[PDB]
Every structure is written in C-alpha cells, then in structure tokens.
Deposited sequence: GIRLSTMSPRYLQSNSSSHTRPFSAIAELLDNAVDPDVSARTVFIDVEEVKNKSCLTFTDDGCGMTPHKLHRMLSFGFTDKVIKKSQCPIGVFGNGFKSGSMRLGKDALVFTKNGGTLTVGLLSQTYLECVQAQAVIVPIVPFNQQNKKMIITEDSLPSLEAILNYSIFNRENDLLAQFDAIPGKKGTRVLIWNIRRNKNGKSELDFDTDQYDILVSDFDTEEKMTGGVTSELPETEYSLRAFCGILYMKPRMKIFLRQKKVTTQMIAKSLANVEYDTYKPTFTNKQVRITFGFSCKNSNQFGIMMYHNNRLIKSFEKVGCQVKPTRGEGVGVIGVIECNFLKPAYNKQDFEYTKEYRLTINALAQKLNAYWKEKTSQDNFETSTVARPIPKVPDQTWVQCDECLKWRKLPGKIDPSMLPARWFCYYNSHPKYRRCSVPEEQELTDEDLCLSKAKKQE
C-alpha cells in the first residue's frame, strides 16, 4: 500500500557508533546469551583465524533460534521481552561495533539456520537497501537459495561443508554461534582489540581500572550475580559476586521519589587493588567504578542495582533525570557516612559450582578456583539443594 521506510547499508556503520567502548558491544553479545529466554549455560569468547583473517567468536549453548526468529534477530526493534534486552538493536550495534561483517549460526534441536549481517557484502554488490541472507537446514537445505549463494560468494566461507561444519562448534544440540570478522582497526594501524599480548585475554591498546582494558576482568564483574559461565579463549573466566567479595561490609538503602521500593546498597572494601560505585540494572553492569563523595575514601566499593532507572541506547549510562542525580547524591552521602564509620580478605567466600551454577558460601579464603563443584563443599553438599537465602 504505502511504501516502507527503507534502511541504507550505511546505517549498519552508523549504528555501530552506539558503543563508545568495544567491551560494551561484547557485553551486548553476552547479555543476549544470558537473557531468560535463551538462558545459555556457557558462552565461549575466542579469536579464530579463518581465511587469513582474525575473527571474534561468541558461542553459547542456549536455546537457539528458528529461521523466523533469526530474521527477527537480524532485524531492528523485534524483541519478545527481568531481561536485559529492550531495544531490539543490541546485536546490530554490537557486532558492527566489533567488525564490518558478522555471521550467526543457530540450531534449536531440529533446524540449522545461518544469517549474515555484513556491510562488506552489501558494499560489494552496491545494494541500496540492507540485505540479510538467511539459510535453514539430515542437514538438507530448505528463498534460502540466493542467500546461500551470497554467503558462499561474499563471506569468509566459500565451501558449503565448512559453512555447515561451523554448526559443530556448538557444544550441544541447541545453541548459537556469532562470528565477526573484519575487525575494527584503530588509527595507528593495529587492531583495536589485542590478541597477542596475553593468549588468555583480549586487551585494548592503552589509575584506570583493569576492567577498562582487560576483557577477562571486565567479564569477571559484568554481572551482579553470575549464573552463566564465560570462557575467554578456551580459559574459564572466574566471575564473582562483586557485593559478596568485600570486607567490612555494611548496608544502606535508597527510596526513589516516584515509588515505594527500597533498594539495598552494599558498601565494602576491595581485597585487591580499582574502586567506586557499581551501578547495575537487571543484573547487568551499567556504570562501573563511579567515584562519589570523598573519592575525588580509597578502596571502598558500593554496589547498587537501579531497576528504577533506564539505561541509554548503549547501556553505558542512564537517562539524566532527577532520579539519577538524586541517586548519585544519596550514594555520595552514604559512602561518606560509611567511610566515616571506619574512623584484606573478604568477609564471606562464595564459589559457583561448575556443573550446577549455584553459589555456595564456604568458610575459606579468596584467587578463586577454576573448577569447583557442590560435591566438594564442607557442608549444601549436593547440587540439588537450592542456593542460600541471599
């Protein structure tokens, strides 16, 4: 009837500017593997060399997607959503922020579907609109025929057997695998992300917290209570409950002016030197190590989850409202009170079971073990007992 609002392929480049830091795009991808619909048990971040080209790999063993839902994924604004995703843009901004081209393999226990979000493909054919090739799969193919030809002719996978074997890189029968190539290179010529300095870490070519340049430490605190396992370059990331790993822990509260829900704030001391305020939102870290009050008070960390706020388009900050300024003022005042109240090893030690993903409180020390199971506890010794009261 009426002509639709088209979208230029340049928009894929434009949208990539949503994230000012690449760890935020990577966080977008991890947030998509952890949301309750998918609820992946494990995600794998790695760098793989394909066709003499560096590729970022994000492989989760989650629910998987249908060919229809994969198109919805590669489309804008489509989301069936305390999940983290709200916009229906996270992947389209994050993957493009990481590289020019992205492939998404997904299997949901019966269908093998491939999707391509590549600006290189769109610029080679000089398309005027955004074209997204998608192919579903016995492994017999199922509309998808020109998509498969475009993928074989313009992506990094030229042979059909290699394209299908990429599904075997999912550690289960259901899961998703994102593969981003043509990564962002900064002005000095090198790649923005560092793969060679630390074989078990992805760094940034940079006082400044180690979370700002170390992807391992960033993933360690990306979530307020981790439930999903993260493997950075085949090595498990020892995540932590940033609130429970503090010493001399005291508590405070904050009431938003537009509701009657008390929000708990946890104040403590860091055990390894760096510090500030951890502002979360639906378990996701939005603002990290924000100095408030007498910190501009060394070593004190305050944890707060602000579900009464709403993050920005990139989930790196919040909307600048009266509630936000009031929350920061309150945090500064209460942190000053906490530090005034005081004039090592954490008060509690918590470990996540490797097979079980629950957090158990141990009477021990804190770094933390790589693999640990409920069966190894000192009494809660079985993986069938739920978490503690917390």
The deposited sequence goes unmodelled at 82 to 87, 144 to 146, 152 to 154, 219 to 231, 299 to 300, 324 to 329, 377 to 391, 415 to 417, 431 to 432, 444 to 458
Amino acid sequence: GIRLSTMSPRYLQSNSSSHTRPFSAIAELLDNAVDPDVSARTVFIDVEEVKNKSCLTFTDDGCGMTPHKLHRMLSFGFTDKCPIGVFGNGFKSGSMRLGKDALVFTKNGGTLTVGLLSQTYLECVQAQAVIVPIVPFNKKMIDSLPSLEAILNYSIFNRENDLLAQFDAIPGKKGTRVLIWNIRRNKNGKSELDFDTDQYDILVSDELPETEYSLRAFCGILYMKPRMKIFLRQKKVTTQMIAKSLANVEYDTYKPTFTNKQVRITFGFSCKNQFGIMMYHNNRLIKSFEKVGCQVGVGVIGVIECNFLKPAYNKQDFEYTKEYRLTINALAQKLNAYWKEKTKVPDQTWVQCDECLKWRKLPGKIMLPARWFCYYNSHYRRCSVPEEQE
From here on, numbers count along this sequence of modelled residues.
Higher avg CA temperature factor (175 to 183 vs 152 to 160, as deposited) belongs to 152 to 160
When mean C-alpha B-factors in the record are compared for 2 to 10 and 381 to 389, the larger belongs to 381 to 389
Note to self: of 327, 52, 32, 321, the C-alpha temperature factor tops out at 52
Looking only at 201, 192, 143, 212, the Cα with the top B-factor belongs to 143
Entry-reported C-alpha B-factor of residue 59 relative to its chain, by third, is middle
Chain-relative C-alpha B factor for residue 357 (record values, thirds): the middle
Quick tally, chain-level thirds of C-alpha B-factors: residue 221 sits in the lowest
So, residue 48's CA B-factor, relative to its chain, sits in which third? The middle
Of the three thirds of Cα B-factor ranks in this chain, residue 88 occupies the lowest
